[PDB]
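See below for the structure under consideration.
Just so you know, all these numbers are worked out from the coordinates, no wet-lab data involved. Here the Cβ is made from the backbone with ideal geometry for all residues, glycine too, and neighbour counts use every protein chain on show.
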Amino acid sequence: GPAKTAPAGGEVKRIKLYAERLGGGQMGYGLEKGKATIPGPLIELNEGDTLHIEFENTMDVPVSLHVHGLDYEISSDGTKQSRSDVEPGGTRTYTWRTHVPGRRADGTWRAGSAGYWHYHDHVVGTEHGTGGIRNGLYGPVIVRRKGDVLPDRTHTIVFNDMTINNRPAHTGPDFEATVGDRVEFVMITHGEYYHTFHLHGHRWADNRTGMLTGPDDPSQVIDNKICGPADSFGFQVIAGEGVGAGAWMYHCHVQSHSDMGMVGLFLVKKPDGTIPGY
Amino acid sequence: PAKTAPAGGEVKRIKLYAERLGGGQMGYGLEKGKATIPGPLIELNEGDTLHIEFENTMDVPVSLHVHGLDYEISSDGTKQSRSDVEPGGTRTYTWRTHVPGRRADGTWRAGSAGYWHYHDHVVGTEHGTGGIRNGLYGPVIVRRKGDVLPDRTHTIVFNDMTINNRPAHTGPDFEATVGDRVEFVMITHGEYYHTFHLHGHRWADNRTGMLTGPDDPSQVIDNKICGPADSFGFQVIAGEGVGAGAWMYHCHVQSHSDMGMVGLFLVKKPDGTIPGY
Amino acid sequence: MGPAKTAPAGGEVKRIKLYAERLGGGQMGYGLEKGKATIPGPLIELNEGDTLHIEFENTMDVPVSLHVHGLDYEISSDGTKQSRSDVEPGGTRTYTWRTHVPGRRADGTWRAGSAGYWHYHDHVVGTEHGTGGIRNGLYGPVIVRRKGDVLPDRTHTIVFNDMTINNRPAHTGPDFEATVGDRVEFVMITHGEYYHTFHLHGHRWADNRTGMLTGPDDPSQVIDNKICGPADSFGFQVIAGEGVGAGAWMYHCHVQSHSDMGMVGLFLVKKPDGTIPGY
Ligand SMILES: COc1cc(C(C)=O)ccc1O
Ligand SMILES: [Cu+2]
Ligand SMILES: [Cu+2]
Ligand SMILES: [Cu+2]
Ligand SMILES: [Cu+2]
Ligand SMILES: [Cu+2]
Ligand SMILES: [Cu+2]
Ligand SMILES: [Cu+2]
Ligand SMILES: [Cu+2]
Ligand SMILES: [Cu+2]
Ligand SMILES: [Cu+2]
Ligand SMILES: [Cu+2]
Ligand SMILES: [Cu+2]
């Protein structure tokens with residue numbers, strides 16, 4: 001039937017979050033010890049939500065959690081200079097807040113928190129978290145505005161230096177859907193390089209939600225997007241819409257990059273489970 | 001005045017050929033021996049369907065892949081979908097197109113209109129690195145009913161360190177007359193980020209490159225950063241507010257402009273003269 | 001906080017003088033007075049419809065020019081060697097910039113006005129694209145405002161020029177001071193060989209003409225992070241410490257090696273008492 005939408009926020013929410021080492025000199029965040037992933041756990045909030053994070057550093061080196069776009073005080077900045085990092089074996093409670101749009105007393109329109117954001121390390125290896133980000137400490141954050149369209153499933157694609165989600169070249173990741181599913185994509189970039197993100201057989205609107213608000217929204221519609229370290233955006237597509245089922249490539253479009261394996265599949269299935277030509 | 005795009009929905013057909021050009025270059029053409037870089041401009045109205053009859057006249061596999069438009073996986077134009085074209089081979093690629101409208105879930109489905117492009121995916125690699133470098137790319141415009149039509153359209157492709165695969169400092173230059181409504185399609189390919197910059201003129205960063213009205217918040221710019229496979233276009237009024245002259249456009253990356261990615265938008269007085277040129 | 005002051009309507013004929021000087025260490029800069037040159041050059045603000053007459057003197061050993069983005073100039077003000085609009089050593093020229101309001105064209109289309117965040121810089125030094133002039137520091141912000149645009153308390157220009165910020169030594173800032181609640185404006189220009197991503201802690205803006213959402217209608221992405229290449233310019237305004245509070249709020253390019261090597265600054269937001277918590 002009609003699209004599902006986000007409820008109003010304003011709830012006070014809590015999660016546990018850990019930083020721990022993974023194989024091969026890699027680091028990630030997790031919701032439980034021994035559960036860490038690259039990228040980290042996806043965090044979703046409704047505008048007005050407050051989130052307290054009970055943070056434990058499991059590692060033998062100082063780490064931090066610094067987030068984009070959300071409201072936080074200087075004590076949640078997650079930086080060395082702000083004394084907000086977390087020592088080895090230590091814990092701290094990071095607090096993220098969130099607000100709805102509205103008229104300022106000066107008569108202007110204050111932008112809400114809503115959008116496609118991310119969190120990552122500001123501390124490991126240098127005071128910009130170069131080592132940490134390189135090792136995999138980063139994760140997506142979605143803040144939704146009341147009435148925002150909710151998807152069937154959400155997937156995070158991170159271009160971190162020459163890799164996707166710190167995976168070895170040519171290893172995807174791949175995401176599955178069924179023709180007609182509403183699929184949300186969160187795209188984040190980290191590290192040294194510019195990239196262009198590209199998706200076969202689909203397009204989105206270049207704007208807050210990734211979708212057009214209606215017939216008056218001028219935003220350019222695009223299948224290809226240039227992005228750079230700490231950039232984040234998102235969007236939703238209806239799997240296979242107008243195109244049909246198939247194995248649909250997404251890849252960085254910088255030629256040496258795609259040539260070198262920054263490539264994935266959006267695997268879109270016929271209602272019966274089959275994918276044509278594959 | 002201001003002629004506008006009519007409603008789409010027509011079924012259209014063209015023949016398209018891949019062929020070798022001089023110097024190791026390759027290009028698409030509308031007839032054998034007529035291939036160009038960039039390839040032929042393809043224009044469609046929302047709702048239109050285009051059947052492309054493709055012949056690959058080269059001695060290596062080639063393919064046709066498009067951005068933004070509606071194609072089935074069998075028109076993806078990749079080795080992976082088995083949609084490339086063997087040497088001397090022929091295939092029909094089909095591109096469909098749709099107007100915007102309200103989906104069943106009550107969301108607003110975006111139409112196909114916009115500035116897009118097509119290029120090879122199979123030459124030299126499965127990402128068409130070789131083909132793209134050799135020159136297999138071309139502009140596609142899809143127009144929404146009511147879109148403002150230009151007097152002329154020019155395509156500027158920054159391909160690696162070249163414009164339209166031309167030698168340094170060779171242009172292209174485009175001519176117009178003050179007051180002409182001129183459309184530019186701006187495509188980027190290859191290995192490098194760039195910044196497109198046009199003297200004397202400006203456009204809106206949005207679908208049409210023009211402000212829809214007084215309510216459109218889109219930033220107005222003369223400079224745009226663009227990555228490989230990036231696609232955008234706009235229209236300006238030649239010399240509007242600025243008069244006639246040789247109006248430079250180039251990549252604004254300093255070394256690149258010094259290397260010769262530079263061209264002229266030649267805007268003439270009514271008498272055909274250009275002051276300072 | 002009271003109702004914000006706004007830009008009035010333009011149409012005035014304005015005049016300034018601009019000098020091109022050599023500064024310490026092979027640097028070059030514009031100035032409003034001989035001996036007053038700065039990098040970035042002086043801030044130039046116009047209301048849509050205004051006309052600006054720049055009386056330009058070149059005091060350097062080599063030819064220089066003045067070339068501006070986004071505004072209305074005849075070919076003779078282009079500021080290039082090819083248009084014969086550059087300036088010989090010890091020479092002068094009047095450069096003229098014009099600006100127009102938006103409006104309905106005779107053809108039914110809507111003509112965009114001049115308003116926005118723009119910049120000017122040398123086109124002639126070291127190469128015909130002014131690669132030298134720019135590396136040496138010749139560049140400066142231009143702001144064109146639309147009637148009714150919201151005015152800030154203070155304006156700050158952050159230029160990423162190759163690997164510097166405003167041509168400064170690494171890890172030198174600049175830092176900017178505000179008090180919690182100030183409406184603060186940033187103009188952000190990029191120059192040189194390299195792409196960048198501009199990032200500001202604890203604040204966000206709208207990616208659009210004014211950097212602020214016009215109202216609930218506005219679909220524009222809200223961002224704390226923006227990619228920019230050479231000659232890109234954009235601006236925005238924030239309420240200092242809004243919903244966040246006092247602190248020393250980092251801004252920096254987020255390309256990792258760039259921030260590591262020092263393109264970093266502080267937006268220092270004081271409390272009313274003038275203290276900054278934990279700094
Ligand atoms: C068109 O001439 C050239 C272009 C390139 C590019 C575009 O990288 C490299 C070497 C050349 O001789
Ligand atoms: Cu930072
Ligand atoms: Cu890439
Ligand atoms: Cu594609
Ligand atoms: Cu960050
Ligand atoms: Cu592809
Ligand atoms: Cu370039
Ligand atoms: Cu210019
Ligand atoms: Cu492509
Ligand atoms: Cu120029
Ligand atoms: Cu940088
Ligand atoms: Cu931040
Ligand atoms: Cu410039």
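Pairs, please: C-beta under 6 Å, at least 6 apart or cross-chain, first residue under 20 Å from A:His118 (Cα atoms) and in the range A:1-30, second part of a strand (DSSP E or B) and among the small types (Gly, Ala, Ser)?
Going by the 6 Å Cβ cut-off, the qualifying pairs are A:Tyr18/A:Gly30; A:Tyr29/A:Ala19; A:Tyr29/A:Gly139.
Determine, yes or no, whether B:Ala246 is within 16 Å of ligand 10 (Cβ to nearest atom), hydrophobic (A, V, I, L, M, F, W, C) and under 23 Å from B:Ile163 (Cα atoms).
yes
Among (1) assigned to a strand (DSSP E or B); (2) farther than 19 Å from B:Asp160 by Cβ, there is one condition B:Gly263 misses while meeting the rest; what is its number?
Failed condition: (2).
Select from the range B:44-61 the residues that are of a type in the set (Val, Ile, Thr) and either touching a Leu at 6+ places or on another chain (Cβ under 7 Å) or not in a strand (DSSP E or B) (or both) and list them in ascending order.
B:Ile52, B:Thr57, B:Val60
Can you give me the number of residues within the range C:1-42 that are more than 15 Å from C:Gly137 (Cβ to Cβ) and either under 18 Å from the mean Cα position of the chain (by Cα) or aromatic (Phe, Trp, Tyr) (or both)?
3
So, in the range A:53-97, of the ones that are acidic (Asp, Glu) and buried (at least 23 other Cβ atoms within 10 Å of the Cβ), which residue ends up nearest to ligand 4 (Cβ to nearest atom)?
A:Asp77
Okay, residues lined up against (1) crowded, with 22+ Cβ neighbours inside 10 Å; (2) over 21 Å from C:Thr197 (Cα atoms); (3) within 16 Å of ligand 12 (Cβ to nearest atom):
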{"residue": "A:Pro168", "(1), (2), (3)": "no, yes, no"}
{"residue": "A:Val186", "(1), (2), (3)": "yes, no, no"}
{"residue": "A:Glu192", "(1), (2), (3)": "no, no, no"}
{"residue": "A:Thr196", "(1), (2), (3)": "yes, no, no"}
{"residue": "A:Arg203", "(1), (2), (3)": "yes, yes, no"}
{"residue": "A:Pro215", "(1), (2), (3)": "no, yes, no"}
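Only one residue in B:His201, B:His250 is of a type outside the set (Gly, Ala, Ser) and in contact with a helix residue (DSSP H, G or I) (Cβ under 6 Å, 6 or more places away or on another chain), so which one is that?
Being of a type outside the set (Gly, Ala, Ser) and in contact with a helix residue (DSSP H, G or I) (Cβ under 6 Å, 6 or more places away or on another chain) holds for just one of B:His201, B:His250, which is B:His250.
Residues of the range C:194-224 being in contact with a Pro (Cβ under 9 Å, 6 or more places away or on another chain) and of a type in the set (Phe, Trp, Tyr), which ones?
C:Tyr194, C:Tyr195
With the requirement that a residue be in contact with a strand residue (DSSP E or B) (Cβ under 7 Å, 6 or more places away or on another chain) and among the hydrophobic types (A, V, I, L, M, F, W, C), what does the range C:106-131 give you?
Within the range C:106-131, C:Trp110, C:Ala112, C:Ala115, C:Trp118, C:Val124, C:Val125 qualify.
For the range A:80-102, what are the residues that are assigned to a strand (DSSP E or B) and within 17 Å of A:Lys146 (Cα to Cα)?
Within the range A:80-102, A:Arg97, A:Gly102 meet the criteria.
Determine whether A:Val12 is hydrophobic (A, V, I, L, M, F, W, C) and within 19 Å of A:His122 (Cβ to Cβ).
no
I'm checking my understanding of the structure. Among residues of the range C:204-223 that are within 19 Å of the chain's Cα centre (by Cα) and in a loop (DSSP other than H, G, I, E, B), which one is nearest to ligand 5 (Cβ to nearest atom)?
Within the range C:204-223, the match that is nearest to ligand 5 (Cβ to nearest atom) is C:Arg204.
So that you can scan it fast, the table gives a plain yes or no per residue for (1) more than 21 Å from the chain's Cα centre (by Cα); (2) free of Cβ contacts under 8 Å to residues at least 60 places away in the same chain; (3) not in a helix (DSSP H, G or I):
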{"site": "B:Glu175", "(1), (2), (3)": "no, no, yes"}
{"site": "B:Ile225", "(1), (2), (3)": "no, yes, yes"}
{"site": "B:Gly243", "(1), (2), (3)": "yes, no, yes"}
{"site": "B:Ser255", "(1), (2), (3)": "yes, yes, no"}
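Test of understanding: among C:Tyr120, C:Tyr194, which residue is outside any loop (DSSP other than H, G, I, E, B) and touching a residue at least 12 places away in the same chain (Cβ under 8 Å)?
Exactly one residue qualifies, and that residue is C:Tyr120.
Checking B:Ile221 against (1) within 19 Å of B:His194 (Cα to Cα); (2) at the interface with chain C (Cβ under 7 Å from one of its Cβ atoms): exactly one of these is not met. Which one?
Checking B:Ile221 against (1) within 19 Å of B:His194 (Cα to Cα); (2) at the interface with chain C (Cβ under 7 Å from one of its Cβ atoms), the one that fails is (2).
Condition first: aromatic (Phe, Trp, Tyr), more than 11 Å from chain A (Cβ to nearest Cβ), under 22 Å from C:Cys228 (Cβ atoms) and more than 16 Å from ligand 13 (Cβ to nearest atom). Can you find one or more residues in the range B:163-181 that meet it?
No, every residue in the range B:163-181 fails to be aromatic (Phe, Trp, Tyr), more than 11 Å from chain A (Cβ to nearest Cβ), under 22 Å from C:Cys228 (Cβ atoms) and more than 16 Å from ligand 13 (Cβ to nearest atom).
Could you list all residues from the range B:123-178 that are hydrophobic (A, V, I, L, M, F, W, C) and under 18 Å from B:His250 (Cα atoms)?
Selection gives B:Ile156, B:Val157, B:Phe158, B:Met161, B:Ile163, B:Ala168, B:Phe174, B:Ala176.
Answer yes if at least one residue in the range A:131-154 is away from chain C (no Cβ under 14 Å) and acidic (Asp, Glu), and no otherwise.
yes
Of all residues in the range C:100-148 being within 17 Å of the chain's Cα centre (by Cα) and more than 30 Å from C:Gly24 (Cα to Cα), which is surrounded by the fewest Cβ atoms within 10 Å (Cβ to Cβ)?
Ranking the qualifying residues of the range C:100-148, first place goes to C:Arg146.
Scan the range B:27-43 for residues that are outside any loop (DSSP other than H, G, I, E, B) and either within 16 Å of ligand 3 (Cβ to nearest atom) or surrounded by 23 or more Cβ atoms within 10 Å (Cβ to Cβ) (or both) and jot them down.
B:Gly27, B:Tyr28, B:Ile42
Filter the range A:224-278 down to residues that are more than 10 Å from chain B (Cβ to nearest Cβ) and among the basic types (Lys, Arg) and give me whichever is surrounded by the most Cβ atoms within 10 Å (Cβ to Cβ).
A:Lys269
Going through the range C:182-218 one residue at a time, which ones are within 16 Å of ligand 8 (Cβ to nearest atom) and more than 8 Å from chain B (Cβ to nearest Cβ)?
If the condition is that a residue be within 16 Å of ligand 8 (Cβ to nearest atom) and more than 8 Å from chain B (Cβ to nearest Cβ), then C:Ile189, C:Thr190 are the ones that fit.
Confirm whether C:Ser76 is within 19 Å of B:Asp222 (Cβ to Cβ) and assigned to a helix (DSSP H, G or I).
yes
Take the conditions within 16 Å of ligand 12 (Cβ to nearest atom) and under 28 Å from C:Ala248 (Cα atoms) and apply them to A:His66. Does it pass?
Against the criterion (within 16 Å of ligand 12 (Cβ to nearest atom) and under 28 Å from C:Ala248 (Cα atoms)), A:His66 qualifies.
Please work out which residue is farthest from the other protein chains (Cβ to nearest Cβ), limiting yourself to the range A:55-65 and to residues that are aliphatic (A, V, I, L, M) and under 23 Å from the mean Cα position of the chain (by Cα).
A:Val63
Being of a type outside the set (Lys, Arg) and more than 16 Å from ligand 1 (Cβ to nearest atom) narrows it down to one residue among B:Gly260, B:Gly243, B:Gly227; which is it?
B:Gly243
Given the conditions (1) closer than 24 Å to A:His202 by Cα; (2) more than 19 Å from the chain's Cα centre (by Cα), and given that B:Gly68 satisfies all but one, which numbered condition is not satisfied?
Looking at each condition in turn, B:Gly68 falls short on (2).
Do the conditions hold for A:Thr196, that is, is it among the hydroxyl-bearing types (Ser, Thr, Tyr) and within 17 Å of A:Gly69 (Cβ to Cβ)?
no
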